[PDB]
Amino acid sequence: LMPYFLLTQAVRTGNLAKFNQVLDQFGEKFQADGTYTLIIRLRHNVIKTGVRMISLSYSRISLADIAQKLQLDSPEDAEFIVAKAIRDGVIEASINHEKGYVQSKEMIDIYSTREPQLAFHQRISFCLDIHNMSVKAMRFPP
Amino acid sequence: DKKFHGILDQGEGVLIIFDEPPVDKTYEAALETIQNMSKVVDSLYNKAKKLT
Amino acid sequence: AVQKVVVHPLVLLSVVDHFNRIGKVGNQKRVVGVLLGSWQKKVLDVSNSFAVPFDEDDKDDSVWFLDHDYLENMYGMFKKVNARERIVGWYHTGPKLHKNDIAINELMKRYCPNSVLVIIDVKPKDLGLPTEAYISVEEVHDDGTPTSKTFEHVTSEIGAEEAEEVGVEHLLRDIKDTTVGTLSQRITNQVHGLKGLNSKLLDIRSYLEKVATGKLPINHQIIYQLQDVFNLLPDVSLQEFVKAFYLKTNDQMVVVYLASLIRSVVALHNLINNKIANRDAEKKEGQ
Amino acid sequence: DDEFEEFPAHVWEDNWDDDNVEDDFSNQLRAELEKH
Amino acid sequence: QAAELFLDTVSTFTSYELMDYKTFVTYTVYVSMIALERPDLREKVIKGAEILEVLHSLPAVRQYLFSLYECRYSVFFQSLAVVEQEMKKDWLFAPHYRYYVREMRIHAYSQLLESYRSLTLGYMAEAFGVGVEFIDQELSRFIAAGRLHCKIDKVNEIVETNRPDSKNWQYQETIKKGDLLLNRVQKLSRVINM
Amino acid sequence: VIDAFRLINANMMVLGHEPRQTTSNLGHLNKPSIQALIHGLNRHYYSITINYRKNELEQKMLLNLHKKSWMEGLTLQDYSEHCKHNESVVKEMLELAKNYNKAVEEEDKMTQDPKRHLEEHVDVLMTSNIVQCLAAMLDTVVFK
Amino acid sequence: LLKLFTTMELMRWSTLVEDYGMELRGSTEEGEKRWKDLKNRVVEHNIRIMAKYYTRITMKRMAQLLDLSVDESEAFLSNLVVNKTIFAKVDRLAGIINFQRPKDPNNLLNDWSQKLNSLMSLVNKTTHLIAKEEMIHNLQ
Amino acid sequence: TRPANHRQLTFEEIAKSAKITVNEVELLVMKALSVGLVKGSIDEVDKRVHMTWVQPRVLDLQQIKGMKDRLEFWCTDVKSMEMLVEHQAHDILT
Amino acid sequence: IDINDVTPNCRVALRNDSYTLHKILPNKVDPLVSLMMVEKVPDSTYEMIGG
Amino acid sequence: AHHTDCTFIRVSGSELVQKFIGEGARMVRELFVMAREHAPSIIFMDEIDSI
Amino acid sequence: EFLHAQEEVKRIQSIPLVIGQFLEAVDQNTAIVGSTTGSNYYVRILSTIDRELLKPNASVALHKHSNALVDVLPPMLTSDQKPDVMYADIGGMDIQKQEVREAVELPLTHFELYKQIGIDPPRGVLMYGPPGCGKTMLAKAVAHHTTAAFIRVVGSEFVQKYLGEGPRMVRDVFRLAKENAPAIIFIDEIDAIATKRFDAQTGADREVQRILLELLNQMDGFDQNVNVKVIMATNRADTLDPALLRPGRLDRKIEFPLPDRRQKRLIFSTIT
Amino acid sequence: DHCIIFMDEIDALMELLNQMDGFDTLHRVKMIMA
Ligand SMILES: Nc1ncnc2c1ncn2[C@@H]1O[C@H](COP(=O)(O)OP(=O)(O)O)[C@@H](O)[C@H]1O
Ligand SMILES: [Mg+2]
């Protein structure tokens, strides 16, 4: 996995130069295992990864400030890229261009909500299923 | 140093006190039981797999 | 006055037996008798009963012959048998009241000023107690409506001494219900609770419809209680209740989830034990 | 059970941070004080 | 483990072949600060007979420890730069100075924000003896790494603190640990049933 | 404890006759008690079986004794007491789980009470929690 | 006067001085200290009345109800609270004095359950009364 | 008249009802509670009155018909949940 | 139970009804001393002595 | 006692000195009855000078 | 039907039971009891009545008929009149407080400190002193800041009249100490019984020496105490037996001298 | 519960639990031991 070690470093940094170096340096292994289109869809999701980190640690970052810290050109390109990120649903924020900021979703305390209900519902269903399958298969010979 | 249940807020510049609900000992005991059952399923790995 | 009337299984069975032993030999509809019991504060404890000859004309509705000489002699005999039990009213096995009832209560008020009429319904219904208890009240109505001698409800219950629990338990052991909450039984209990709530709401609606259309007069006591019920209805769309409900539902389901995980681990352990037992048996049989 | 033959084949619990920084916290702080 | 052992054998330093006792107490202080909670640190490194006796002869390390404990933070970064340049030269800590510095920075930030809910970025910079841009950069880095519990708001520069309540944290721990146990039991059952 | 009796004629067991003939296998399904044997359950008197006779109406009227009201069916449990019960049972179950780990390890090494207690406690917790939770939802819907 | 001090409703101090003012002619000389004491009792009864008929009173309104100043009212409430005489948390930032004890989820749902229990009992009693009513008036 | 769902009474609502400006609606609700007619509380930061009770009185035939209609709706709800539960728990009813 | 096992000064249980002997209980007397036999073996060992 | 395979007993102290007469002799005799019953046995007596 | 059977068992554990003393464990499932009626019966104890706690000589309820043991009633004399004096009340004698505490309390609060060194806690200490300098009060003060029990006796209470009654009471006292887990036993005046090796040529000096010998046995013997402590005040501290003074498993020594100027100033402060 | 207490005839003593315990009771009430 070392080639993927280098690739992950490049993507995390957002260093397209190092990404191109890694592609030119281990491209054969990628075409061998079979990844060579996913590793360009990478380029795409590399800019996406940048925006996800930005929207993971921020609550109201202004666009002119995403342009820079995401390595973009202009607030217009910021508008488009962040909007597409939200559309793909990887950052989960709103946006406001009346003043130009990208306020996220005020996290709601998820214990006065049905999310715990649902999670424990999946897990309880699972546990009951294993009890069923385990009490079953207790074959006795005669 | 945990002298009273309050949190500052350096925006409007305001100190907000509150009563911290006691840690629900039910979930504490529950997590302890999850860990112990992890030990049990490990022991059961050993038994089952190595006698079968 | 008296607030509560706790009737006993012996009284109920005695009434059933009276009704059967007269209906077999004739057809009298009602059967009428006296109730014997003791007070304790304002809580009547009916602990015995006995039939008193009765006969009435179902047409005239004011000709009847409850036999007070028989009542007195019979009460003398039961006073000799057991003395801590004095006449505390009467009973009749008719599904509904009758015009005579007030006159009969006036007769029995000679032997007990605080008379309690328990209309023990022999027919077995599936929703309510078989006893409904009434007491006669004449008083100037506060609303200025003309006053007449009519009955008033007194809360009723069924309870038993230990000497009678030992009997009811033995008689019902065959078709008894486990005195413990099996999850199926508890879900059944909740379904039956919904049944009962529906039945009561239908009764209230039927009465209100009759009142509105006019076939019945308005009872201010009933309207008071109904509007107090509506007063007491709760609100669920309120936010700091939905929050609390979700919180405690989640806590309960954490306990449930931990229970399920423990059950899964135990089940797997038992499966392993059995597979090993079968493996050993197969190996030993082979060798 | 079956080796999937059809598929050809430090001691420090590191967790990233192996970035490239102007030293960790010496030159950064020096320049910080200098510009403050 | 380094802190546990060092603090269990600081009153009994007998191995003068490995290093001087000044060096041993300095190492105990360093490892203790990086590995110990605030209660234990107060009980066993600031209220410690020998570990505080030698700090009289060691003036640059006493300041480093007491800055963090007293919540004087600008002095804490000054002493942290000192400690970094010392440990880089050192030979047993040399492949650990980046990690020590980073983890002590995270300890300092978490300590400051443990008693706040919305800390103005300017005030926090003034407290830490740095600027606004430096704090922005490093908080972004550490929140991304997931160590801190704080979300920045750069339009009006304010660092809100989204610490999780006791119930919510217990929920998340139950989810995670139960997930691990469920994976293990699921493997076991799928394997042995068939 | 009710027993029915009747006497034996003085010229019955002395004339060379058994006290009471036997034509059906019915009379030997109930065993006598030593208490009565001592006083002569078979020297001066019989013991006739009882066989209580219950109609279909008496049984219902008696069921009314403990019949639970729809209120008791649809009424929630005091939430404070319920939470205390959850906590106590989960703690006792934790103790049994520690003992169970020890027991399984010990038995698997060298070649039950923990398992059975754990099973009963899981039963009680799940029944209580599910019942109260469902009652709560039912009420939230029915009364609004 | 005793009627007002046993009535469970607010008494305005200004109107009380207008009405029963001239009955001090102890309340003479050091009766002025005793006058401050009577005003203190008036403010304290007003606070009891508010604490029992209110959940959140703004200071800008409580000052009017007590006849004191925006700050004197705060001081008197604070003294009461420290002495443990009136439960009141004063969010000074917004003027949101709150007499509501924090609602435990247990207690909130327990109140819900008690409401429902009373409801079911009352519908049962109403059904029995309805049965009696129909049983009687159907006879006529 | 108002049902429990939105039994929160606003001061402006009271003022548009019995004609008093909103600085003595507080006293009106004070006297109402004191006399024992209406139970509840006053939350005047947001200017609302949580009435949790009312002195039951003698109604008219129209009002009783209103109550009948509400009982009808309530019965429909109860029967719906009754059927749902009994249909989904058919196998565990003893 | 055989008669030979009913030795003098032995504790025997008699049916509450008919007073028929039905066991040879664990002969024992004088709780003052029956509480004297050592059940728990002390923890000292010969290795704890010297000289 | 820790290293013996025989019934170890203790009688240490003034245990045989009880107020009612005709009691100490009975106690010692019943103690040796216990020893003979659970033979082989070792009876310890600390501070015999007392008793 | 299994549920019904379980309920029938829970019912056999009835309420109107009669109390009596379970004597011995005859076999599996069966045992011998002696009712409070004064007569002994042999019965079968219900399943799972905590045969762990059904120890011989136990208090237990019985089914009125069949006399079947179906309960273990959880069963006093001293250490219930909670003391009042406190360490703030006692002035000076810091050394005496230190030593008595290390001997009496810490073994009960922090026994890990003792394991680390690998020591047997000193159960048993003795306080010297003139007629009055404060030792009863420090005993009462440890009772104040105690968590187990403080069972106080006076040596005369062992010097009581009737042969063997003194030893009986000492054995009862130490047995109570043991049955309580961490309890403390205090003896106020021991010079009455704790004496030298006088060859008792009468019937009374012999009994006094018997009291002392029983005390020695109980303090140390074949039945090594479990977490029980002992405190003594003597007022002479010279004619005590070399045994009871055995500077080993029987006692430590503490001094309680006449209040010096320091102690006396503290006395004035605390009283005044 | 019933003051002046009057423990008299002290003279005429083989008793040792009768010591001057001197407990604490409700204030007031005294004794004149003679
Ligand atoms: N250090 C002290 N502080 C206060 N009071 C003391 C002190 N020492 C002795 N006393 C007084 O002595 C009395 C107790 O003496 P005590 O300890 O019984 O002496 P002894 O038991 O040796 O006769 C108490 O009433 C107390 O007031
Ligand atoms: Mg003393």
# chains A, B, ... in the order shown; residues from 1 in each chain; ligands from 1
>>> residues_near_ligand(ligand="ligand 1", cutoff="8 Å", atoms="only C-alpha atoms and all ligand atoms", output="list in words")
residues 89, 90, 91, 92, 93, 129, 130, 131, 132, 133, 134, 135, 136, 137, 138, 188, 233, 235, 259, 263, 264, 266, 267, 268, 270 and 271 of chain K
>>> write_last_selection(atoms="N, CA, C and O atoms", output="compact mmCIF listing (two decimals), in the first residue's frame")
# COMPACT_ATOMS: atom_id res chain seq x y z
N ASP K 89 -11.80 19.02 69.40
CA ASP K 89 -12.01 19.16 70.84
C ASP K 89 -10.74 18.82 71.61
O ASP K 89 -10.36 19.54 72.53
N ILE K 90 -10.09 17.72 71.24
CA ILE K 90 -8.83 17.36 71.89
C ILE K 90 -7.75 18.34 71.45
O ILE K 90 -7.59 18.62 70.26
N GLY K 91 -7.01 18.87 72.42
CA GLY K 91 -5.97 19.85 72.16
C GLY K 91 -4.61 19.24 72.44
O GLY K 91 -4.47 18.38 73.31
N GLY K 92 -3.61 19.69 71.69
CA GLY K 92 -2.29 19.15 71.88
C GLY K 92 -2.25 17.67 71.59
O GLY K 92 -3.01 17.14 70.76
N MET K 93 -1.37 16.97 72.29
CA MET K 93 -1.14 15.54 72.11
C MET K 93 -1.21 15.15 70.63
O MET K 93 -1.86 14.18 70.24
N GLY K 129 0.21 7.15 81.33
CA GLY K 129 -0.13 8.49 81.72
C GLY K 129 -0.53 8.66 83.17
O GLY K 129 -0.99 7.72 83.83
N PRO K 130 -0.38 9.87 83.70
CA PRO K 130 -0.86 10.16 85.05
C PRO K 130 -2.35 9.95 85.14
O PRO K 130 -3.00 9.58 84.16
N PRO K 131 -2.94 10.18 86.32
CA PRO K 131 -4.37 9.89 86.48
C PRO K 131 -5.24 10.51 85.41
O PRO K 131 -6.09 9.82 84.83
N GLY K 132 -5.06 11.79 85.12
CA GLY K 132 -5.79 12.41 84.03
C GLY K 132 -4.92 13.30 83.17
O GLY K 132 -4.39 14.31 83.64
N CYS K 133 -4.76 12.93 81.90
CA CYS K 133 -4.11 13.79 80.93
C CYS K 133 -4.79 13.72 79.57
O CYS K 133 -4.39 14.43 78.65
N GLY K 134 -5.79 12.87 79.42
CA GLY K 134 -6.56 12.73 78.21
C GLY K 134 -6.11 11.52 77.44
O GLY K 134 -5.23 11.59 76.59
N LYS K 135 -6.74 10.40 77.73
CA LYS K 135 -6.65 9.18 76.95
C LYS K 135 -8.02 8.58 76.72
O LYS K 135 -8.30 8.11 75.61
N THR K 136 -8.90 8.63 77.72
CA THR K 136 -10.30 8.33 77.48
C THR K 136 -10.85 9.23 76.40
O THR K 136 -11.64 8.80 75.55
N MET K 137 -10.42 10.50 76.39
CA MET K 137 -10.96 11.42 75.41
C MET K 137 -10.42 11.16 74.01
O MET K 137 -11.16 11.29 73.04
N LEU K 138 -9.14 10.81 73.88
CA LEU K 138 -8.64 10.45 72.56
C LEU K 138 -9.25 9.15 72.07
O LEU K 138 -9.46 8.98 70.87
N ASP K 188 -10.57 0.23 79.50
CA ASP K 188 -10.29 1.51 80.12
C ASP K 188 -9.28 1.40 81.25
O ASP K 188 -8.36 2.22 81.35
N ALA K 233 -5.93 1.51 78.21
CA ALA K 233 -5.42 2.54 79.11
C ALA K 233 -5.23 1.92 80.48
O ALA K 233 -6.13 1.25 80.98
N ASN K 235 -2.84 3.46 83.34
CA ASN K 235 -2.54 4.44 84.37
C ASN K 235 -1.33 4.06 85.22
O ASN K 235 -0.88 4.88 86.02
N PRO K 259 0.31 17.64 80.95
CA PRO K 259 0.37 18.76 80.02
C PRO K 259 1.51 19.72 80.30
O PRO K 259 1.53 20.39 81.34
N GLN K 263 1.07 22.16 75.73
CA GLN K 263 -0.19 21.45 75.79
C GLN K 263 -1.18 22.21 76.65
O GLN K 263 -2.35 22.31 76.30
N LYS K 264 -0.71 22.78 77.77
CA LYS K 264 -1.62 23.47 78.68
C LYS K 264 -2.23 24.70 78.03
O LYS K 264 -3.41 25.00 78.23
N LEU K 266 -2.80 24.97 74.86
CA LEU K 266 -3.82 24.43 73.97
C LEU K 266 -5.06 24.00 74.75
O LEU K 266 -6.19 24.12 74.26
N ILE K 267 -4.87 23.47 75.96
CA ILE K 267 -6.00 23.08 76.80
C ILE K 267 -6.88 24.29 77.06
O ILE K 267 -8.10 24.26 76.89
N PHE K 268 -6.25 25.38 77.50
CA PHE K 268 -7.00 26.60 77.77
C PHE K 268 -7.73 27.06 76.52
O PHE K 268 -8.92 27.39 76.58
N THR K 270 -8.75 25.43 73.79
CA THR K 270 -9.86 24.58 73.35
C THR K 270 -11.02 24.63 74.33
O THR K 270 -12.19 24.65 73.90
N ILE K 271 -10.76 24.63 75.64
CA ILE K 271 -11.85 24.67 76.59
C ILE K 271 -12.54 26.03 76.58
O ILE K 271 -13.76 26.12 76.72
>>> residues_around(residues="range 6-16 of chain L", least_positions_apart="3", cutoff="6 Å", atoms="only C-alpha atoms", output="CSV table (one decimal) with N, CA, C and O atoms, in the first residue's frame")
chain,number,residue,atom,x,y,z
L,31,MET,N,-29.9,16.8,89.6
L,31,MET,CA,-29.9,15.7,90.6
L,31,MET,C,-29.2,16.2,91.9
L,31,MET,O,-28.4,17.2,91.9
L,32,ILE,N,-29.5,15.5,93.0
L,32,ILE,CA,-29.0,15.9,94.3
L,32,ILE,C,-28.3,14.8,95.0
L,32,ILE,O,-28.3,14.7,96.2
L,33,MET,N,-27.7,13.9,94.2
L,33,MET,CA,-27.0,12.7,94.7
L,33,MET,C,-26.4,12.9,96.1
L,33,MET,O,-25.6,13.9,96.2
L,34,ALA,N,-26.7,12.1,97.0
L,34,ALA,CA,-26.4,12.4,98.4
L,34,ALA,C,-25.8,11.1,99.1
L,34,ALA,O,-26.2,10.0,98.9
>>> residues_around(residues="residue 102 in chain F", least_positions_apart="3", cutoff="10 Å", atoms="only C-alpha atoms", output="PDB file with N, CA, C and O atoms, in the first residue's frame")
ATOM      1  N   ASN B  36     -17.269  -6.195  29.718  1.00  0.00           N
ATOM      2  CA  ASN B  36     -17.158  -7.540  30.266  1.00  0.00           C
ATOM      3  C   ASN B  36     -17.656  -8.583  29.275  1.00  0.00           C
ATOM      4  O   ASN B  36     -17.078  -9.669  29.160  1.00  0.00           O
ATOM      5  N   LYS B  39     -15.025  -9.352  26.902  1.00  0.00           N
ATOM      6  CA  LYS B  39     -14.142 -10.375  27.449  1.00  0.00           C
ATOM      7  C   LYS B  39     -14.751 -11.760  27.281  1.00  0.00           C
ATOM      8  O   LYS B  39     -14.053 -12.725  26.943  1.00  0.00           O
ATOM      9  N   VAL B  40     -16.057 -11.877  27.523  1.00  0.00           N
ATOM     10  CA  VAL B  40     -16.711 -13.180  27.440  1.00  0.00           C
ATOM     11  C   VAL B  40     -16.689 -13.704  26.013  1.00  0.00           C
ATOM     12  O   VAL B  40     -16.449 -14.891  25.780  1.00  0.00           O
ATOM     13  N   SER B  43     -13.244 -15.020  25.270  1.00  0.00           N
ATOM     14  CA  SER B  43     -13.074 -16.354  25.830  1.00  0.00           C
ATOM     15  C   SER B  43     -13.841 -17.382  25.018  1.00  0.00           C
ATOM     16  O   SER B  43     -13.386 -18.522  24.848  1.00  0.00           O
TER      17      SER B  43
ATOM     18  N   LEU F  96     -23.065  -9.908  37.768  1.00  0.00           N
ATOM     19  CA  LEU F  96     -23.206 -11.257  37.238  1.00  0.00           C
ATOM     20  C   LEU F  96     -22.405 -11.439  35.957  1.00  0.00           C
ATOM     21  O   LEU F  96     -21.936 -12.541  35.680  1.00  0.00           O
ATOM     22  N   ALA F  97     -22.218 -10.377  35.176  1.00  0.00           N
ATOM     23  CA  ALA F  97     -21.440 -10.487  33.947  1.00  0.00           C
ATOM     24  C   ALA F  97     -19.960 -10.653  34.242  1.00  0.00           C
ATOM     25  O   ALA F  97     -19.266 -11.414  33.560  1.00  0.00           O
ATOM     26  N   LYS F  98     -19.451  -9.937  35.241  1.00  0.00           N
ATOM     27  CA  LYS F  98     -18.075 -10.170  35.672  1.00  0.00           C
ATOM     28  C   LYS F  98     -17.894 -11.611  36.140  1.00  0.00           C
ATOM     29  O   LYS F  98     -16.954 -12.307  35.723  1.00  0.00           O
ATOM     30  N   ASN F  99     -18.803 -12.085  36.994  1.00  0.00           N
ATOM     31  CA  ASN F  99     -18.721 -13.474  37.432  1.00  0.00           C
ATOM     32  C   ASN F  99     -18.827 -14.436  36.256  1.00  0.00           C
ATOM     33  O   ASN F  99     -18.183 -15.488  36.255  1.00  0.00           O
ATOM     34  N   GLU F 105     -14.082 -18.318  31.419  1.00  0.00           N
ATOM     35  CA  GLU F 105     -12.637 -18.488  31.310  1.00  0.00           C
ATOM     36  C   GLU F 105     -12.175 -19.694  32.114  1.00  0.00           C
ATOM     37  O   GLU F 105     -11.418 -20.534  31.618  1.00  0.00           O
ATOM     38  N   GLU F 106     -12.645 -19.809  33.357  1.00  0.00           N
ATOM     39  CA  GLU F 106     -12.193 -20.893  34.218  1.00  0.00           C
ATOM     40  C   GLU F 106     -12.581 -22.247  33.649  1.00  0.00           C
ATOM     41  O   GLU F 106     -11.770 -23.179  33.642  1.00  0.00           O
ATOM     42  N   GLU F 107     -13.819 -22.382  33.175  1.00  0.00           N
ATOM     43  CA  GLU F 107     -14.273 -23.667  32.661  1.00  0.00           C
ATOM     44  C   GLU F 107     -13.548 -24.033  31.375  1.00  0.00           C
ATOM     45  O   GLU F 107     -13.163 -25.191  31.184  1.00  0.00           O
ATOM     46  N   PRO F 114     -24.109 -18.001  37.140  1.00  0.00           N
ATOM     47  CA  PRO F 114     -24.010 -16.706  36.451  1.00  0.00           C
ATOM     48  C   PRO F 114     -24.898 -16.624  35.229  1.00  0.00           C
ATOM     49  O   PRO F 114     -25.623 -15.637  35.053  1.00  0.00           O
TER      50      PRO F 114
END
>>> select_by_dssp(residues="range 31-264 of chain K", states="alpha helix (DSSP H)", output="PyMOL selection string")
chain K and resi 94-104+106-109+112-117+136-144+155-158+165-179+205-219+261-264
>>> closest_atom_pairs(of="chain C", to="chain B", cutoff="9 Å", atoms="only C-alpha atoms", output="tab-separated table")
residue	atom	partner	partner_atom	distance
C:251	CA	B:27	CA	8.3
C:254	CA	B:27	CA	7.8
C:255	CA	B:30	CA	7.6
C:258	CA	B:30	CA	6.8
C:261	CA	B:34	CA	8.3
C:262	CA	B:37	CA	7.2
C:265	CA	B:41	CA	6.8
C:268	CA	B:44	CA	8.4
C:269	CA	B:44	CA	6.6
C:272	CA	B:48	CA	5.7
C:273	CA	B:48	CA	7.9
C:275	CA	B:52	CA	8.0
C:276	CA	B:52	CA	6.8
C:279	CA	B:52	CA	7.6
>>> interface_residues(of="chain C", to="chain G", cutoff="8 Å", atoms="only C-alpha atoms", output="list in words")
residues 96, 97, 98, 99, 152, 153, 200, 201, 203, 204, 207, 216, 219, 222, 225, 226, 229, 232, 233, 234, 241, 244, 245, 247 and 248 of chain C
>>> residues_around(residues="range 21-27 of chain H", least_positions_apart="3", cutoff="8 Å", atoms="only C-alpha atoms", output="VMD selection string")
chain H and resid 11 to 12 14 to 15 30 to 31 42
>>> write_last_selection(atoms="N, CA, C and O atoms", output="mmCIF file, in the first residue's frame")
data_model
loop_
_atom_site.group_PDB
_atom_site.id
_atom_site.type_symbol
_atom_site.label_atom_id
_atom_site.label_comp_id
_atom_site.auth_asym_id
_atom_site.auth_seq_id
_atom_site.Cartn_x
_atom_site.Cartn_y
_atom_site.Cartn_z
ATOM 1 N N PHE H 11 -51.376 37.991 25.907
ATOM 2 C CA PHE H 11 -51.897 39.211 26.508
ATOM 3 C C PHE H 11 -52.659 40.039 25.490
ATOM 4 O O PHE H 11 -53.684 40.648 25.817
ATOM 5 N N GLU H 12 -52.160 40.107 24.260
ATOM 6 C CA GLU H 12 -52.886 40.833 23.229
ATOM 7 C C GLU H 12 -54.247 40.198 22.983
ATOM 8 O O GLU H 12 -55.234 40.901 22.737
ATOM 9 N N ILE H 14 -56.084 38.637 25.256
ATOM 10 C CA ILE H 14 -56.944 39.044 26.364
ATOM 11 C C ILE H 14 -57.399 40.484 26.179
ATOM 12 O O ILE H 14 -58.568 40.817 26.405
ATOM 13 N N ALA H 15 -56.486 41.361 25.770
ATOM 14 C CA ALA H 15 -56.826 42.771 25.620
ATOM 15 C C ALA H 15 -57.859 42.980 24.519
ATOM 16 O O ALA H 15 -58.777 43.795 24.666
ATOM 17 N N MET H 30 -54.149 37.654 37.688
ATOM 18 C CA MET H 30 -53.872 37.516 39.111
ATOM 19 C C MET H 30 -55.146 37.272 39.902
ATOM 20 O O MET H 30 -55.225 36.335 40.702
ATOM 21 N N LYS H 31 -56.162 38.104 39.686
ATOM 22 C CA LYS H 31 -57.401 37.942 40.433
ATOM 23 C C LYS H 31 -58.119 36.667 40.013
ATOM 24 O O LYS H 31 -58.723 35.984 40.847
ATOM 25 N N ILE H 42 -48.340 32.626 34.636
ATOM 26 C CA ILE H 42 -48.137 33.762 33.749
ATOM 27 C C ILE H 42 -46.659 33.820 33.404
ATOM 28 O O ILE H 42 -45.812 33.872 34.302
#
>>> residues_around(residues="residue 29 in chain E", least_positions_apart="2", cutoff="12 Å", atoms="only C-alpha atoms", output="MDAnalysis selection string")
chainID E and resid 2:4 6:7 10 22:27 31:36 41:42 44:46 48 50:52 54:55 58 60:66 68 83
>>> residues_around(residues="range 135-138 of chain E", least_positions_apart="6", cutoff="8 Å", atoms="only C-alpha atoms", output="list in words")
residues 121, 125 and 152 of chain E
>>> select_by_dssp(residues="chain B", states="strand (DSSP E or B)", output="MDAnalysis selection string")
chainID B and resid 6:9 14:17
>>> atom_distance(atom1="CA of residue 22 in chain A", atom2="CA of residue 3 in chain A")
7.5 Å
>>> closest_atom_pairs(of="chain K", to="chain C", cutoff="8 Å", atoms="only C-alpha atoms", output="Markdown table")
| residue | atom | partner | partner_atom | distance |
| --- | --- | --- | --- | --- |
| K:3 | CA | C:178 | CA | 6.6 |
| K:4 | CA | C:178 | CA | 6.1 |
| K:7 | CA | C:179 | CA | 7.7 |
